[PDB]
Amino acid sequence: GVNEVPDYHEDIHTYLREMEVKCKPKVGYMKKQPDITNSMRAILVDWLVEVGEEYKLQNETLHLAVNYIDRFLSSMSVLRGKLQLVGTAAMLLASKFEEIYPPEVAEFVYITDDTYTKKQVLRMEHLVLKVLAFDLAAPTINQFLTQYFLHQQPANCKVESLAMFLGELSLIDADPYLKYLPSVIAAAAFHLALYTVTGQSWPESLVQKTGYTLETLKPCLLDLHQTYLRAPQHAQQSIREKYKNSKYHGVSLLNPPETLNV
Amino acid sequence: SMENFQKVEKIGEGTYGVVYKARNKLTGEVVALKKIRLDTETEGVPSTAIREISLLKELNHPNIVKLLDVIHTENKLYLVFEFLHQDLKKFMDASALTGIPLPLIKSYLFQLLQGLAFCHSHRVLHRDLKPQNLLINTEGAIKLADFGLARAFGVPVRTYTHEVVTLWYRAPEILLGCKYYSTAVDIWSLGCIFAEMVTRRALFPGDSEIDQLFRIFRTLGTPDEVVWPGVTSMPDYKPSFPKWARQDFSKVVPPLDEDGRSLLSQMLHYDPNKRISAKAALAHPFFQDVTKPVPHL
Ligand SMILES: Nc1cc(I)ccn1
Ligand SMILES: Nc1cc(I)ccn1
Ligand SMILES: Nc1cc(I)ccn1
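Sequences listed follow chains D and C, in order. Quick note: to get the deposited numbering, add 170 to the position in the first sequence (first position is 1). If you count the second sequence from 1, position 145 lands on 144 in the deposited numbering, and the numbers rise without skipping.
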């Protein structure tokens, strides 16, 4: 019904496809940052996941925050000591954009252990706004995921959590996931979640929607399979912990499949 | 920064900031400036402004107020907007004796729907459609404005802020406390606005939420599971509601032809899922003969 905006799903999908190209971070930005690394970024995102659980934030907020960060770091050199400042400001902005009841700025200051003052946070907020030119409405993996779910028959909550879970894992590792568009990652997470729980693959109805085949999804699905396989061994764990809870059907605890049909 | 702008006069205050008509001293362009104060030691840039600016930057359509620039200081934000002569509420009030010509009404509704379809096509709910937020010029155009209460939505929709839409323009799904609402709530407002343009009185002028529902039911018929499946299972539905019969649209909007009345009813369907889309509305027979007349200003 209207909650799935049938007169608009198609135009919305087409628009997000165009927009996710616009809001795409620069693939190679980390090599151009003298003082920060993919490793440091992983620590940052992992921390944002915790923050997101402590404040019961929407998952969509977390994804938005990460888009903000990668685009900022595509334009601005940042020293290691200020990396967290950029992350706090992006989280703050994502919350203001997405949340009904964002946390107050004070709470954003508290979570950095008072590494930064309130004034630093607010000033960084404004700088972040200027660098992204207020282009904050960025398509996220989740925005594509929720639309792909509609193609299920019936709905399966395990497939839905699991895909969410794999999506968040991708946020952590700029290498390789900065090369993939949100919509590609979302498709690869949805295929991999579907295959793991049901057995079924990426449906024809979504091939027709997206133009993506299992062929064109092959590269991203291999990296995601790798990531899924290696997950319990990742230095960053907050996502695995998060997705143990009944809230997410404990999907993180599911043994991943060992191969695909390729 | 604002060196090139000369203030001319105050023109009021939206959901946030304060609005001036101004003149670009170099180009001669007349604009509206929205001054938004930045809480630089406390809350920073208001979420209202983050949503308005970000969504209006994406929304480029002839029937959506054009945001020309955003001028930064450390202490203030000025949004620069194309200037429009006045809002529809002021126009209606001015037209209280003389009435508004039906072709102008039809033109304006058609334009409002074009603007709104663009919003929905770009995953944005407006959530504050009322005459005061609709701007007209001297050449017969009308445009959606004040996107401070707007929201970029996902598909499918999730739970958003409930305290939304000015009471009189608020859809029964929001009133009855529903978990989810969608593009339908904007169509309801436009329905209310359509009726208001025809009579120049608000359709459902309530004093309270309970009074609001009573006003809607008494005119459209009290809904049941037949008209609106799931209505009686609604959070704030009350079994005890009086059961009124639907009022004929001959009484409701006398001036309106059979086509207008059909479009209006479809806009005010109780069931959100049957409420007509702005997209579909653009095709309705009411607009077969639509023209673009100039208002009498
Ligand atoms: N500094 C300013 C402010 C306004 I409002 C208009 C022009 N200059
Ligand atoms: N009169 C006005 C007001 C705004 I906000 C934008 C344009 N014209
Ligand atoms: N607005 C109204 C009308 C009646 I008749 C009863 C209650 N409220």
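In this text, a Cβ means the ideal position worked out from N, Cα and C, and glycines have one as well.
| Asked | Found |
| --- | --- |
| Members of the segment 192-204 of chain D that neighbour chain C once the beta carbon cut-off is set at 9 Å | none |
| Nearest candidate by alpha-carbon position, reference D/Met294, set D/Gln254, D/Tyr178, D/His321, D/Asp284 | D/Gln254 |
| Burial state of C/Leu96 (16 or more Cβ within 10 Å) | exposed |
| CB contact below 9 Å: D/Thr316 versus chain C | yes |
| Nearest-angstrom beta carbon gap, C/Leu296 and C/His84 [assumed within contact, 8 Å] | 7 Å |
| Within-9 Å CB hit, C/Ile35 to chain D | no |
| beta-carbon C/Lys88 near ligand 2 non-hydrogen atom, thresh 8 Å | no |
| is_contact[C/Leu143, chain D] using C-beta, thresh 9 Å | no |
| Strand pairing of C/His71, partner residues [DSSP] | C/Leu76 |
| Inter-stretch contact (C-beta, 8 Å, three-pair minimum) for the segment 312-329 of chain D and the segment 133-142 of chain C | no |
| Burial state of D/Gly381, where buried means 16 or more other Cβ atoms lie within 10 Å | exposed |
| Spatial neighbours of D/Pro273 in its chain, beta-carbon cut-off 7 Å, leaving aside the 5 residues before and after | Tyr225, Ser265 |
| Heavy atoms of ligand 3 versus C-beta positions, residues under 6 Å | C/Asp210, C/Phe213, C/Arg214, C/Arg217 |
| Local conformation of D/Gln406 per DSSP, three classes | coil |
| Segment contact, 8 Å Cβ cut-off, at least three pairs: the segment 232-251 of chain C with the segment 215-222 of chain C | yes |
| Beta-carbon gap between C/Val69 and C/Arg126 smaller than 9 Å | no |
| 8 Å contact criterion, which D/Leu362 and D/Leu399 should meet: CB distance rounded | Wrong, their Cβ atoms sit about 11 Å apart, outside the cutoff. |
| CB-CB length for C/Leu111 against C/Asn62, believed under 8 Å | 7 Å |
| Own chain, CB closer than 7 Å to C/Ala151, minus 5 neighbours either side, in chain order | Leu54, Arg122, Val123 |
| Cβ-based neighbour list, D/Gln378, same chain, cut-off 7 Å, excluding 5 preceding and 5 following | none |
| Every unbroken beta strand (DSSP E) inside the segment 322-351 of chain D [3 residues or more] | none |
| N- and C-terminal bounds of the alpha helix (DSSP H) containing D/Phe319 | 311-319 |
| Any C-beta of chain D under 9 Å from that of C/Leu108 | no |
| Where C/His71 falls, given that 16 or more other Cβ within 10 Å makes a residue buried | exposed |
| Contact the segment 241-260 of chain D vs the segment 194-206 of chain D: 3+ CB pairs below 8 Å | yes |
| Distance cut-off 8 Å: C/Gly13 Cβ against heavy atoms of ligand 2 | yes |
| Buried or exposed (CB count within 10 angstroms, at least 16 for buried), D/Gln317 | buried |
| Segment limits, beta strand (DSSP E) that includes C/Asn23 | 17-23 |
| Rounded straight-line distance, which links the Cα of D/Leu384 to that of C/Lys65 | 42 Å |
| Extent of the continuous alpha helix (DSSP H) to which D/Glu374 belongs | 374-380 |
| Buried or exposed by the 16-neighbour rule on C-beta atoms within 10 Å, applied to D/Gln396 | exposed |
| Alpha carbon of residue 438 of chain D to alpha carbon of D/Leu218, nearest angstrom | No answer is possible for residue 438 of chain D: the residues shown for chain D start at 171 and end at 432. |
| Separation of C/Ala170 from C/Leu76, as counted between CA atoms | 33 Å |
| C/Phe4 CB to nearest heavy atom of ligand 1 below 8 Å | yes |
| Uninterrupted alpha helix (DSSP H) stretches inside the segment 241-284 of chain C (no shorter than 4 residues) | 248-251, 257-266, 277-280 |
| Within 9 Å, strictly: CB atoms of D/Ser422 and D/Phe304 | no |
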